[PDB]
Each structure stands twice: as structure tokens, then as C-alpha cells.
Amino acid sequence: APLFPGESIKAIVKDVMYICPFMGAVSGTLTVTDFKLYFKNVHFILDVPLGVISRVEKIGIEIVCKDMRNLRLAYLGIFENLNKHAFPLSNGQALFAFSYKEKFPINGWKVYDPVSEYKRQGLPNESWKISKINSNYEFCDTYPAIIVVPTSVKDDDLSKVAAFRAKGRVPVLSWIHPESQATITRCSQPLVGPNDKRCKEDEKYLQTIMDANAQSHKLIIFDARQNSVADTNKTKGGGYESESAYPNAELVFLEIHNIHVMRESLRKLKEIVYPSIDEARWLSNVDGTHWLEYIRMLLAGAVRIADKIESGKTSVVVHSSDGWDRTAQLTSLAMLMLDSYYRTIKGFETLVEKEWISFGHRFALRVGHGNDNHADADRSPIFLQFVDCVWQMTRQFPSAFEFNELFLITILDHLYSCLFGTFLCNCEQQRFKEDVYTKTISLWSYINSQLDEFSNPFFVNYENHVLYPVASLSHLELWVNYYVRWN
């Protein structure tokens, strides 16, 4: 079997039967490495990263995968080896990323530089400064080391605001309009609780964010959640900004459902796409998953944010509960609509590095890297669902993005594979602790060393206006190239 630099064979068993869903059963040799399982017949090639493996179960072995397929095998050896190497963090080993020894002409770790990105946006300026208050992750330990905040806020006041926001995730700048100065700041829910606690500093801080947009007379807060779910959160000590505490602000709910319904949705969708589609009942089954309605809700949400910035010329604040699953989906979809830089390949890479990775989407937890707890309720395809949305925009706007569909699918494949450092861990701090930036390779090193493979030939770089995709089921499609890829 073929091997990456740093990859080692763990087992090679001959005469093993792979069971196609339809085309019977092939004979071949099964190699297990610490990176992948490999199966060859002599041509028939099955090449499957152990990262995509969710659970292994004797039936006679069933391999449940995370990329819309299963595998059936007919035979330490096999079971124990797949288990040991598919789930190394459950077995005192490291993820493969840390052994990968390839060297690329381009270093992906240099693609995103926070200070450069802020500078690309016109920052700092008179109203927004680069703050180092979190340079040791002591201020908010799930936030990146660098944040952008209003010039006028004192560090002591920011700390009070942090005590009033879940996990200390205070409002910080995500994007600023280069003409109006309207901004998208992001945060987590305020800790109001059932007795309507108030924090003068929080109220005052939201007010300074508004005053930084000097022409504007109000501030909009998009709360990603359903009204009912925000109310539940309120009884638990969370909640949202009130009309009376935040006088110059107005809050609206985007009604996006919680991470568990998204997991359940994708689960139902896998049932009907693999091993085969029953086309006689395809229409209702797919409808029954509600997968495309949740896509629509998100795109509709992001358009509202985009429209308010671009047309309304009004600064907005996006928050959810912890401000790192739906918040990250919404700010980055709206930024993508607003700023054509992010529709280039390097721009989209900074967008994922910044809004997703540097701000703490819990990738390790949400995806389950190298951990065997398949039933964990903290796993959810939040990032996948986001990439689907992005794919929706490339399809309504087939010349607007520099990257192509294979770019997006390649990202999803390496979301699971752990070949690269890029989607490792749950927050920036964890990444410095675990030596990710020194012991692992960036996904973008690979992608950007082979740009032609991932480029949209139809791309036109002056399609640089705000894009408002149409959030209607009539204008959306099932991403069959990804979801039905395996048959």
C-alpha cells in the first residue's frame, strides 16, 4: 500500500472480503496504517482515512463512517487494529497530523495573520483599536489572543462586560464596512437570568459600539436562536438584551434550531442516501429530514445581517448562546456576502481560520477527532452545514467564487481525516498548548500548492458587489456530489 511521509503500516491481512452494497463482494488485501485503511484487488481501490471512522462493530465487521457511508468487511487482528488506530486519543496515542512529514512549497500557517486581516479592513482607526488584553487567554480563554474593540473602553470595564457574557465572550469586531463604518461584532448571550440582572458596563459597551458608527442612531442585535429557546436560556441564567436595559438597541430572533436537531437531520439523510436511494419515495424522505429547510433558515438569517449592514448602514451584534456554533455560521455567511475578498481562495481560508478556528468553534468536540464515543451528543455537523450553505452560494453565483466545488469537498474530507493541524482542538489556546503550530501541517499548504485543482475556471474577480442569495427551497438543491458521493 502507498504511504505518506511519516505513515506506518500496522497490519496487512490478505484475502479479506469487502461487501459492496450492490455488486456483491470483492476479495483483496487489507492494509491498516496509522493514517488510513487501504484495500486493493488485482483494479479496485478503497482508500479510507481512519479519521472518518465513527464506530466499528462486529456483525463480520461493520465500519460506520462520518462521510455518508458504511463499510462491510468479511474476514490481533482486524477489529482490534481498526479500533486502536481509528480512535488513538481513546488509546493513548496521538492524531496522525502530528506524524505527517510532507513538506509543501507553500506554508498554509501564514495564510491568516490577524493584524494583516484587520489592516486589510482599515483597522485600527480612530474608533477601533487592536487589544492585547487576551494575549495570554486570561481574559477569555476560548477567544483568539488578539481582539478588536472600541478605542474608548477601559480594560477594567471590558472585564466587567466579560463577567456579564457567557464564557466571557464579549462583543468583538468581526467586520467593518469600509465606507459607512457599520460593523458586525459577535458575542455570546448576556447573563440576565430570570430576575433581569443588568450590567451598566455591558449596556455602556454596546452603546460605544453604536457610537463608533457616528451617523447611526440605533444598534441591531440579531439573536440567532428561536425566541422560545432564548427564554429557556433566560430561566437558566442566560437570556438576551431587553428593550429597557438597552435603549438605543433593537433585538430580533433568527429562529435557528439547536445543534441536536442538525445532527438528527443529517442522520436521517444518511439513512436514505446510503447504500441506495429509493427513488419511489425520494421526494418525501428528503423532505422528512428537513435538511434543506435548516440550510434556508441560515441563508435567510445571513442575508438579514448582510442587508442591515449594506442597505441599512447599521452596526449589528450577532450572538447565540455560547456564541460559537450559530454565531460563527451567521457572521461568516454574512461576511462572505458582504466582502468579495472572502470569495477568493486565500480569502475564504482566512475566513475559516478567523471566524471559525480562531474564535473557538469546538471542532475536536463537534467532530470527535480520534475519540471513540460515537453517541456523544456534543457532535453536530455545524461546520458541514455551513459549507453546504457556501456551496449553495457558488451554485446561485457560479462565477462569483474563485474556489470550486472540489475545494469545499476537500475541506470536508480533511475535517474528518486529521491529516492536518488546521481543524484540530476546540480553541486557540488548546492549539498552542498541544504544539499544533509546530508539529502539524496546514491544510492550506496542500491546497495552495496545487491551486489549479481547486479553482473555478468561471471565476470573475470584478463580481465584487454584495451578493444576496435567494433563501427559498425553490432556489436551493441537495448537495448530491457530497451527500450521495459514494454511489
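From 1 onward, residues are counted along the sequence shown.
According to the entry, are there none, 1 to 3, 4 to 9, or 10 or more residues of the deposited sequence without coordinates between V42 and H43?
Some 4 to 9 residues are missing between them.
For the stretch from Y75 to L76, please bin the deposited residues that the model skips: none, 1 to 3, 4 to 9, or 10 or more.
Missing in between: 4 to 9 residues.
Looking only at CA atoms, which has the higher mean B factor in the entry: 23-31 or 44-52?
It is 23-31.
Take the C-alpha B-factors listed in the entry for 98-106 and for 77-85, compute each mean, and give the stretch with the larger one.
Taking the mean B-factor of the alpha carbons in each, 77-85 is higher.
Specify which of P144, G323, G370, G92 carries the largest Cα B factor in the deposited PDB entry.
Each of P144, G323, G370, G92 was compared by C-alpha B-factor; the highest is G92.
Reading the B-factor column of the entry, which of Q215, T350, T289, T185 has the highest value at its C-alpha atom?
Answer, based on the entry's C-alpha B-factors: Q215.
Pull the Cα B-factor of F454 out of the PDB entry and bin it into the chain's lowest, middle or highest third.
Within its chain, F454 is a middle-third residue by C-alpha B-factor, going by the deposited values.
Check where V273 lands among this chain's C-alpha B-factors and tell me if it's the lowest, middle or highest third.
Highest third, going by the recorded CA B-factors of the chain.
Please rank the C-alpha B-factors of the chain's modelled residues and tell me whether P398 sits in the lowest, middle or highest third.
Middle third, going by the recorded CA B-factors of the chain.
Which third, lowest, middle or highest, does the CA B-factor of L467 fall in along this chain?
Ranked within chain, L467 CA B lands in the middle tercile.
What third of the chain, by the recorded C-alpha B-factor, contains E428?
Its C-alpha B-factor belongs to the lowest third of this chain's values.
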